[PDB]
Structure formats: C-alpha cells, structure tokens
**Q** 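A single structure is presented below for examination.
Letters A, B, ... mirror the listed sequences (proteins, then strands); counts begin at 1.
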Amino acid sequence: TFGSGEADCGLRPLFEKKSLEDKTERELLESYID
Amino acid sequence: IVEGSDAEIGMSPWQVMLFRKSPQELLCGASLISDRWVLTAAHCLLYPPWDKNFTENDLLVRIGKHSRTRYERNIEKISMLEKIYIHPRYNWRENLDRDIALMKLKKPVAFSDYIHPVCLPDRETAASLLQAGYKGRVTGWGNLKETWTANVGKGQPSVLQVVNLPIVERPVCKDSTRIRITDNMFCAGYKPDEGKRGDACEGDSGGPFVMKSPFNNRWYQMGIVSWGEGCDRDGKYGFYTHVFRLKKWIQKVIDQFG
DNA sequence: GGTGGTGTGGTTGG
Ligand SMILES: *C[C@@](*)(O)[C@H](CCCNC(N)=[NH2+])NC(=O)[C@@H]1CCCN1C(=O)[C@H](N)Cc1ccccc1
Ligand SMILES: *[C@@H]1O[C@H](CO)[C@@H](O)[C@H](O)[C@H]1NC(C)=O
Ligand SMILES: [K+]
Ligand code: NA
C-alpha cells in the first residue's frame with residue numbers, strides 16, 4: 001500500500017508551500033519553452 | 001555530483017541516503033515516494049560482478065539529510081528496511097537494463113519540512129516533459145570528480161549537491177557510448193559546445209532525476225541515476241533509469257498489499 | 001561529544 005503522502009506529493013514545505021522559488025527552479029521552467 | 005553546487009535547505013526533501021550498517025558507509029542515494037516506500041537503483045543493492053548482494057538487515061536509510069556525515073539531530077530520520085524488491089528483469093549481466101529497486105520501510109515515516117515524498121509521473125507529465133533540451137535536477141552526495149585516478153579536488157561533498165541537466169536526444173545518447181542502451185533508460189547532460197557542465201557520478205546512484213511540472217507546480221521523478229562512463233566528460237552523458245516506463249512494475253509492487 | 005567545528009547556531013538541544 002502506497003500509504004500516506006500522495007495527495008501532497010512533490011510540494012516542498014519550504015518552497016512551494018510558502019510560495020518560494022529555489023534559486024534555480026526557474027532555469028528548468030525556461031528549458032521547457034521551445 | 002560533478003560541477004553542481006550546494007543544495008539549499010529542504011530543496012529535495014525526498015532525497016534519501018542509503019547507508020550500510022557495518023562498516024558505516026554511504027552507499028547510494030534514493031528517493032522517498034511515500035511514507036513507507038523508497039525508490040533506488042538495483043545495482044546499489046545487487047551487482048554480482050562486484051560481489052555485491054545486500055539484504056534488508058545490512059542496511060539503513062537516512063531521510064531529511066543535508067550534511068554528508070554528521071548525524072543531524074532532530075532533522076533526519078533513520079529507518080530500517082522491511083523488504084527489498086529488485087526488478088525481476090534487472091539486467092546486471094550486461095548494461096543495467098531496468099536498474100531499479102523498491103525498498104519498504106519497517107515503519108512509516110513522519111513528514112516534516114525536511115522530509116516529503118516526490119511524485120511518480122503519469123502518462124501526460126512524461127509526455128509533456130520528457131523531451132530533448134528540457135532540464136531536470138539531480139541530487140546526491142556522490143563524488144565530485146573521478147576518484148579512481150589522480151585528480152585535484154575533494155572527493156566528496158560536505159553537503160548535498162545539485163545540478164540541473166538537459167535531457168539529451170536518444171540518437172546522441174546511442175552514439176555517445178558502446179554500451180547497449182534501451183528504452184528503459186535516458187541520458188542527460190550538456191553537449192561539449194554548450195559550454196555549461198555537470199554530471200552525476202559514482203555514489204550518486206539511486207538518486208532522483210526530477211522535473212517540476214509547470215501545470216501543477218509539483219516535482220516528479222522522471223529518472224534514477226543509473227550509470228555513466230567517467231564523470232562529466234565532454235561527449236559522454238549520464239544515464240538514468242526511465243521511471244515512467246517502469247511505472248507499471250512500481251505500482252504493482254507498491255499497491256500489492258494493504 | 002553524541003555527529004564538525006569559522007562549537008551552544010545551524011537544517012536541532014544542551
Ligand atoms: C552505482 C552508481 O553510483 C553509479 C553511477 C555512475 C553514474 N555516472 C555518471 N557519469 N553520471 N553506477 C555505476 O558505477 C555503474 C554500476 C556498475 C558500473 N557502473 C557504471 O556506470 C560503469 N561506469 C559503466 C557500466 C558498466 C556496466 C554496466 C553498465 C554501465
Ligand atoms: C543474493 O543472496 C541471496 C542470499 O541472501 C541468495 O539466495 C540470492 O540468490 C543472491 N542472488 C544473487 C544473484 O547473488
Ligand atoms: K553541536
Ligand atoms: Na558530458
């Protein structure tokens with residue numbers, strides 16, 4: 001059984017959950033255009 | 001990790017350290033995918049050619065970490081393993097096809113600011129993001145350079161390392177290496193002419209190649225650090241287990257019991 | 001120290 005965690009998976013308490021971007025996540029997103 | 005940099009605090013709360021009970025040594029990385037399941041690479045646990053065949057009792061996992069060696073009191077959580085499941089068609093004779101394993105914890109772990117699972121991909125996410133030129137992120141406490149030959153620099157990092165690397169087109173991957181590649185793998189790294197660098201290295205195996213979905217803001221594990229030739233050489237690329245293509249198995253194991 | 005040391009904060013006590 002998977003167990004707990006999924007509904008909230010991939011959302012980082014100290015970043016997404018506080019509307020904070022880490023220093024380089026933006027470099028990823030910009031790679032996804034074209 | 002070669003030419004990454006220090007991770008920020010809580011930047012990958014799904015990073016797991018796979019740790020040998022005795023002698024005490026960091027073996028590999030891994031990822032937390034739920035409160036009781038950890039994903040890693042099969043060759044971390046089982047690689048006969050190097051006489052390696054770990055059982056559950058040999059091993060611990062350490063979650064929430066940042067520092068490579070210090071026990072981080074009130075942050076990290078150490079868990080014992082109940083069961084190890086290696087892909088039944090993991091190909092250790094030849095090219096590490098299907099370099100993946102699941103590890104079930106004896107006791108579900110509590111989440112915290114430093115401990116939080118990552119998502120497994122679905123068909124749409126895989127289809128949107130798994131493309132040449134798109135960048136993912138790799139993390140680990142593995143080597144900072146090629147340690148098996150004299151090189152200047154420290155071997156290992158004091159803290160968790162991160163690098164962001166572009167997925168590479170399959171035919172380039174193919175021609176970069178004499179090792180047989182399969183669709184259970186993909187490769188990532190900068191071309192020589194791109195003049196930016198970076199790579200996973202020995203010790204980073206099992207660690208996650210993740211991508212952030214611009215549609216829902218969530219981090220998804222697209223890959224597992226599997227193999228390479230050298231670290232961060234011009235014209236070579238790190239290879240990663242293709243998580244999504246192995247999803248069916250992942251799910252079959254994870255959902256098998258209540 | 002127990003787990004380092006630009007040591008009693010820090011990503012956490014005393
Ligand atoms: C177990 C992991 O720490 C490590 C990952 C190295 C990733 N390298 C780069 N450049 N990103 N994996 C290995 O060391 C694997 C395990 C067995 C040997 N190996 C290799 O990557 C060899 N260097 C190449 C190879 C040999 C046999 C089968 C497949 C690949
Ligand atoms: C690994 O070791 C176990 C014993 O714990 C053994 O029964 C199993 O066959 C081993 N597999 C290989 C390929 O060595
Ligand atoms: K201290
Ligand atoms: Na390279």
**Q** Would you give a per-nucleotide map of nucleotides 3-14 of chain C, 5' to 3', where B means the base has a protein non-hydrogen atom under 4.0 Å away, S means only the sugar-phosphate does, and - means neither?
**A** BB-----BBBB-
**Q** Do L160(B) and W141(B) have side chains that get closer than 4.5 Å, going by heavy atoms?
**A** yes
**Q** Taking atom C1' in both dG1(C) and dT8(C), what distance in whole Å separates the two?
**A** 12 Å
**Q** Restricting to pairs with a member in residues 222-258 of chain B, which pass disulfide (SG to SG under 2.5 Å), not counting sequence neighbours?
**A** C201(B)-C231(B)
**Q** Under a 3.5 Å distance rule, please check whether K145(B) uses its side chain to pair with a backbone N or O of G153(B) as donor and acceptor.
**A** yes
**Q** If we take the P atom in both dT12(C) and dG2(C), what is their distance in whole Å?
**A** 22 Å
**Q** Determine the interatomic distance between P on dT6(C) and the same-named atom on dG13(C); round to the nearest Å.
**A** 22 Å
**Q** Regarding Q221(B) and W14(B), do their side chains bring together a donor and an acceptor under 3.5 Å, going by distance alone?
**A** no
**Q** Which is it for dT11(C), anti or syn, if anything within 90° of zero counts as syn?
**A** anti
**Q** Determine, step by step, whether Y220(B) and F244(B) satisfy the ring pair (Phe, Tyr, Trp, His ring centres under 6.0 Å) criterion, reporting the C-alpha distance in whole Å, the side-chain angles of both residues, the deciding distance to 0.1 Å, and the verdict.
**A** CA-CA 10 Å; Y220(B) 282 89; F244(B) 170 72; over 10 Å; no
**Q** P atom, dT3(C) versus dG10(C): distance in rounded Å?
**A** 22 Å
**Q** Using the glycosidic torsion, which applies to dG4(C): syn (within 90° of 0) or anti (everything else)?
**A** syn
**Q** State whether the number of non-hydrogen atoms from other residues, nucleotides or ligands found under 6.0 Å of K21(B) atom NZ is greater than 12.
**A** yes
**Q** Measuring only the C1' atom in each nucleotide, how far is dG14(C) from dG5(C)? A whole number of Å is fine.
**A** 16 Å
